[PDB]
Amino acid sequence: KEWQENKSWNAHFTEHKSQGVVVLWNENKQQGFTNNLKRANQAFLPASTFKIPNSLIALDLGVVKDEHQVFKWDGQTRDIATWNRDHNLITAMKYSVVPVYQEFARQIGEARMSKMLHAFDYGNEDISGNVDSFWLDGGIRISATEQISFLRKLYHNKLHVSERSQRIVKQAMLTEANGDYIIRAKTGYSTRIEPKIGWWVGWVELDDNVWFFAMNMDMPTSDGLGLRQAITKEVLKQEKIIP
Amino acid sequence: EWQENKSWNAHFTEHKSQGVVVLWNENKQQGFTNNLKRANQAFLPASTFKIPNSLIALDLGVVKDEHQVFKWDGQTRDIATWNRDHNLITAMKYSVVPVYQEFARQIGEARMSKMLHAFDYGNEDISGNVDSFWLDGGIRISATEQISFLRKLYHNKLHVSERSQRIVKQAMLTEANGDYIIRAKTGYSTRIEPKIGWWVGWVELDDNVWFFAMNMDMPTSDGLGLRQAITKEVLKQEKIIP
Ligand SMILES: *C(=O)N1C[C@H](NOS(=O)(=O)O)CC[C@H]1C(N)=O
Ligand SMILES: *C(=O)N1C[C@H](NOS(=O)(=O)O)CC[C@H]1C(N)=O
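Residues numbered from 1 in each chain as written, not as in the entry; some residues may be left out. Chains lettered and ligands numbered in written order. Heavy atoms only, no water.

For this coordinate set, the PDB header names X-ray crystallography as the determination method and states a resolution of 2.00 Å.

By the naming in the PDB entry, chain B is Beta-lactamase, taken from Klebsiella pneumoniae. Under Catalytic activity, UniProt gives the following word-for-word description of chain B: "a beta-lactam + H2O = a substituted beta-amino acid". Under the heading Sequence similarities, UniProt records this for chain B: "Belongs to the class-D beta-lactamase family." (UniProt positions renumbered as here; feature names shortened; annotations may be inferred.)

Where the PDB entry is consulted, chain A appears under the name Beta-lactamase, with the organism given as Klebsiella pneumoniae. Listed in UniProt under the heading Function (literature references left out), the comment for chain A reads: "Class D beta-lactamase which confers resistance to the beta-lactam antibiotics, including amoxicillin, and moderate resistance to cephalosporins and carbapenems such as cephalothin and imipenem; in the DH10B strain of E.coli. Acts via hydrolysis of the beta-lactam ring. Has oxacillin-, cephalothin- and imipenem-hydrolyzing activities." Under Catalytic activity, UniProt gives the following word-for-word description of chain A: "a beta-lactam + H2O = a substituted beta-amino acid".

This is the structure in structure tokens:
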């Protein structure tokens, strides 16, 4: 009853030569839906979806003063062109600018990172590995259903950080908005440790409800990255959440 | 600081319309408009007043937060979306006048005036009914004054809480995608001539913000869509949005 399995959504994966899980949570009904309960509860490296808790911690500790503070480019030209420029929190999140977030993590430090994540009840809460990459090749692991629990807290300002920090992060998560819905979310691509997987987690705000979502899918090559959003939107469209 | 670009009149004329678009490039600190005189013509703000009103209501605790439900008072009105319970997000989205009339009544004449003075909002004149002065009272604000007010809101420089300013900016969210984000509020002044439409707000880009304030003659509701369409035609011309 709390979590129901809806295997019809596999069609959206199969039709895109893909495999994964979409987890949906109807906030009003307090009911959850997924195509794969086992994978929905399978813990994976959060990769860039960790930018959500990382942003929160950095804002609450003053490592990030606000969403306008500029994080200068360190001069090192990296494979993703949008990272080779100055950023603020909005564009660092939009473009998933790793080096900015690595710098935040170093400033936050192992001790505060660890104990702040416990406050968030975040995945296995294990930050073992490099302080600037544990979310990518360290010990930390989070499931799609755990992403939803974490995101619901963020949504309701129930994390144990300031309302302000939560509001700023939810601003930074803004992905898409029109007269039908608003999506606040963060993508992720876990590439360093097998299985390579793509994430999209967040929620869709409607006029009278919110639908949280967490999906992940096998991502052996970057060519499928756009399917993280597309498959999710096919599920949302199937469920009449978005037109 | 204000430069005229008459080529933008094409977007009014071609739509069998007349108005002004005012644009401010925040980075360059330069303003552009198709009609300098109309850019400075003060008009009734109509529903664009939902911006300061929300701000004031939030700061005074009249609105606890964006989730607080404003129960429908029971009166069924013409615009179908107003005949239901609302929160600040949807009240704003649909421009639900009754919810805002109720806010203005709770805020009260004295606190409203003080706030608008502190905001340096238009002529700062709340004369008329406490619950309709923005529609048929003395308050008048120009496109350029809207921009000045909106720039304050954007930088949290208004004298209300930072929180209030954040919540109102959230509530102003109109459209967002990988190219831009628009935070804005539409308006339609129907009760006092000249009947006009408004769209004021801004477009956030990655590395800049373009504030905009447009108003246009609106003798019939047929042209209400042009408030956005003309502005976007201007924004598209300037390569601000694709
Ligand atoms: C995050 O997972 N990463 C940083 C960046 N994010 O792009 S994503 O948001 O679309 O997932 C590239 C992928 C990954 C990384 N290589 O660190
Ligand atoms: C606001 O100016 N009004 C309330 C509502 N707003 O819709 S609008 O923002 O698209 O202009 C209808 C028009 C107007 C009114 N009748 O008071």
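Caption draft 1: Summary view of the interface of chain A and chain B. Of the residues lining the interface, 21 residues belong to chain A; the matching set on chain B comes to 23 residues. Across the chain A/chain B interface, buried area totals approximately 1900 Å², and carbon plus sulfur atoms make up 40% of it. For chain A, the biggest contributors to the area lost against chain B are A:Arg167, A:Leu174 and A:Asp207; these three give 30% of the whole. Our enumeration of links across chain A and chain B arrives at six salt bridges. A salt bridge links B:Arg166 to A:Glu67; the nearest nitrogen and oxygen atoms lie 2.9 Å apart. Across the chain A-chain B interface, the total number found is 13 residue pairs in polar contact. (Contact = heavy atoms within 4.5 Å. Buried area = accessible area lost by both parts, 1.4 Å probe. Salt bridge = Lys/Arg side-chain N within 4 Å of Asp/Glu carboxyl O. Polar contact = N/O pair within 3.5 Å; in protein donor to acceptor, adjacent residues only side chain to side chain.)

Caption draft 2: Examining the packing of aromatic side chains more closely. Per the counting criterion, the structure on display carries 30 aromatic pairs over all chains. Here the aromatic rings of A:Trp203 and A:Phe212 are separated by 5.5 Å at their centres, their planes lie at 55°, and the arrangement is tilted. Of the residues examined, A:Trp203 reaches a relative accessible area of 0% and is grouped as buried. Given a relative accessible area of 0%, A:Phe212 falls into the buried group. Centre to centre, the rings of B:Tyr121 and B:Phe149 are 5.0 Å apart; their planes meet at 90°, and the pair counts as edge-to-face. One end of the pair, B:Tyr121, is in the loop between helix 6 (109–119) and helix 7 (133–136); the other, B:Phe149, is in helix 8 (residues 143–154), and 28 residues separate them in sequence. You can call B:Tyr121 buried: its relative accessible area is 0%. Given a relative accessible area of 0%, B:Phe149 falls into the buried group. (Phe/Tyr/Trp six-rings, centres within 6.5 Å; stacked < 30°, edge-to-face > 60°. Buried < 20%, exposed > 50% of the residue type's maximum accessible area, 1.4 Å probe, protein only. Helix = DSSP H or I, 4+ residues; strand = E, 2+ residues; numbered from the N terminus.)

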